[PDB]
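Contents: one structure, followed by commentary.
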Amino acid sequence: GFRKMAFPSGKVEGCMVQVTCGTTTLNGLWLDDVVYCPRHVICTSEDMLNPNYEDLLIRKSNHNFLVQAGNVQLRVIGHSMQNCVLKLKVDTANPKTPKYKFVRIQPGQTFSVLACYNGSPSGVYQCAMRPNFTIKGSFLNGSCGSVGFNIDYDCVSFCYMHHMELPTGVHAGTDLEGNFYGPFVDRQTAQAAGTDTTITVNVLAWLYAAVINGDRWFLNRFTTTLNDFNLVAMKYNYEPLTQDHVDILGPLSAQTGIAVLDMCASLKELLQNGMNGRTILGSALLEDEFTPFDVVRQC
Amino acid sequence: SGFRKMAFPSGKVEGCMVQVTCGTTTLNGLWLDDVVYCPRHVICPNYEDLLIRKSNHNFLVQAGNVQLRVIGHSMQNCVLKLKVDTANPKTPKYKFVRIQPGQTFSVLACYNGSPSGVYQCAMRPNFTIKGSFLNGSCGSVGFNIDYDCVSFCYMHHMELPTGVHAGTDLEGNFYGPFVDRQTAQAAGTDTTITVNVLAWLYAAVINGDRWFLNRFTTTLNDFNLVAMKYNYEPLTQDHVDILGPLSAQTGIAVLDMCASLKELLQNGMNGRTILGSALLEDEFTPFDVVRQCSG
Ligand SMILES: Cn1cc(-c2cc(-c3cc(Cl)c(F)c(OCc4ccccc4Cl)c3)c(=O)n(-c3cccnc3)c2)c(=O)[nH]c1=O
């Protein structure tokens, strides 16, 4: 069938530690001899509205950072800040370090989240970067420093580190170079996410998946132009579909024989009619958290 | 805040997955101490005489890029136990358990000894699971983690025509009325897991999705007569007491929430969603909702 699978979390579990600074404890990512964690681990609650992190970090000494992997304590021998991520240099390389790289992902892209509390992982789930650069995750207090990743062969690509929960209940974070996804800042001042839209190219990939698994009830005889489609789909809060999106789908189009702009016409009709009580691949809603790359891997 | 289908972290189980090959067939095996566990249909039907002709060296056992010499074999129900020359140094604290319909577990899907994805499943009332499997997945395993102890509960044996999957516990007993043979087999008519739907409505409330709540209450009998009408599972008194912790953390008594559910069963949702779903979700247990939404 088609289930939203996460990646096996084992390679990431071996990297999670807890980082303590004063009364603050959150999770860090231990790779080689560096521990990475959100820089607000150094913050007090009075500084939260307008923290001066450079001013706060220059006042800290290595021995102020208690880093703990399992039962073991790690000695911090250096520290530096990169954008919104703090990098704590430690005196012993992590022997469980996998092959890895850091990558900045784009809206529509999917990844797995290892939700951790006190450096101990508690669950893993699949997630997508929304077009408004938030993620609809599942995070409790203490989850800061949890990370999102993909696994390709044996290479863990780290793409997200969790920093905060916005007022609307969605989550905001940075890449592993500390740059936020979206217009957010690690400050407790008012900030709001742009209106969230549906990831059109992902919905289409999911329909192609439905056709591959046997389900054709939503297909119609029509075709459309790219500009006719975008004019209709914008009215439903769908992301504009670009010629690049059209190119990304070509393999699935070839595999099923339905041209991309035919499938677009079926999606136009589905938006107009709703499900009429039916389901596609076990869902009564249009699914937008499977990329074209995903569909092919599990189909 | 937020609510997701969440699996247990699979690291403790990844360290136990291996490929087993008998002739042409290659499927995944579970390596604990000095034994590899896998479905007995990898020997291919009569298995008593079929296994008595296979020698230890009929079974190629690859643990990653290393070879395990099979030095013994044994069968327990539908599961093959291959004794190997050396114990798995990554063996977690573990036990074998059998789960009940309605209970959930995580699944580590493998392909040629290679674990490739993890997802959270529920044992259906008809004893099947709606999993995502492609060829090579057999012997992929289901488990729960509690503390540091892995409870293994599921080993996958076969796909079914409906797209659902059938398998055994780690002692080789099937879940449901299925046999590991090429015979044509059909899943029984499924039913919805009522206590899970209710735990999920509780998760929706905890997340601020409150629209489906109403002033009323009901009775188990009046409610249960509407469950049978909608192909829902009988709600029992044990179910109510199990939903107790959430009943307090929110102020919604369980038969109050049942009035909400009866009223959603009757009239559906007015083009509305609950926790981003257009359907009533029944794959989260009361325990699942607690471990995720409070601590
Ligand atoms: C000390 N401390 C702090 C945290 C921690 C900090 C935060 C957090 C971090 C930063 Cl930089 C903030 F600007 C922030 O104000 C949010 C806000 C309030 C009002 C208006 C707008 C905004 Cl944006 C919050 C957090 O959001 N969470 C969290 C909670 C629930 C789910 N996910 C994340 C947790 C922690 O986990 N451990 C630990 O010891």
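Indexing begins at 1, ligand by ligand and atom by atom, following the structure's order. Chain A is the first sequence line, chain B the second, and so forth, proteins listed ahead of strands; every chain is numbered from 1. Worth knowing before you read on, the calculation uses all heavy atoms, side chains too, and leaves out hydrogens, waters and symmetry mates.
When non-hydrogen atoms are compared, ligand 1 lies under 4.0 Å from the backbone of A/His163 (N, CA, C, O) but not from its side chain. Here A/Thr23 has no heavy atoms under 4.0 Å from ligand 1, in either its backbone or its side chain. Within the 4.0 Å heavy-atom criterion, neither part of A/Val41 lies near ligand 1.
Across every non-hydrogen atom of B/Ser106 and B/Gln120, the tightest pair is OG-OE1, 2.8 Å.
In this structure, A/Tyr125 has its ring center at least 6.0 angstrom away from the ring center of B/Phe3.
Relative orientation of the A/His162 and A/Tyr160 rings is parallel, given thresholds of 30° and 60° on the angle between their planes.
Salt bridge A/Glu239/A/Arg130: absent, no basic N to carboxylate O contact under 4.0 Å.
For ligand 1 and A/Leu166, the ligand atoms under 4.0 Å from any heavy atom of the residue are 23 (Cl). Against a heavy-atom cut-off of under 4.0 Å, A/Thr189 is close to the following atoms of ligand 1: 21 (C). Taking every heavy atom of A/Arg187 and a limit of under 4.0 angstrom, the matching atoms of ligand 1 come to 13 (F). Listed by number with element, the atoms of ligand 1 under 4.0 Å from a non-hydrogen atom of A/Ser143 are 31 (C), 32 (N), 33 (C), 36 (O).
On a distance-only criterion, A/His171 and ligand 1 share no N/O pair closer than 3.5 Å. In terms of polar-atom proximity, defined here as any N/O pair under 3.5 Å, A/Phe139 makes no such contact with ligand 1. Looking at A/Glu165 next to ligand 1, an N or O pair under 3.5 Å apart turns up.
Geometrically, B/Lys5 engages B/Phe284 in a cation-pi contact, judged by NZ or CZ lying under 6.0 Å from the ring centre and within 45° of the ring axis. A cation-pi geometry, defined here as NZ or CZ lying under 6.0 Å from the six-membered ring centre and within 45° of its normal, does not hold between B/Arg4 and A/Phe139. For the pair B/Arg272 and B/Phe212, the cation does not sit on the ring face, since its NZ or CZ is not both under 6.0 Å from the ring centre and inside 45° of the axis.
When A/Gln188, A/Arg39, A/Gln191, A/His40 are ranked by how near their heavy atoms come to atom 11 (Cl) of ligand 1, first place goes to A/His40. Across the listed options A/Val185, A/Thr25, A/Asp186, A/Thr25 owns the non-hydrogen atom lying nearest to atom 38 (C) of ligand 1.
Of the candidates B/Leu280, B/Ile193, B/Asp282, B/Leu280 is the only one forming a side-chain contact (heavy atoms from CB on, under 4.5 Å) with B/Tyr232.
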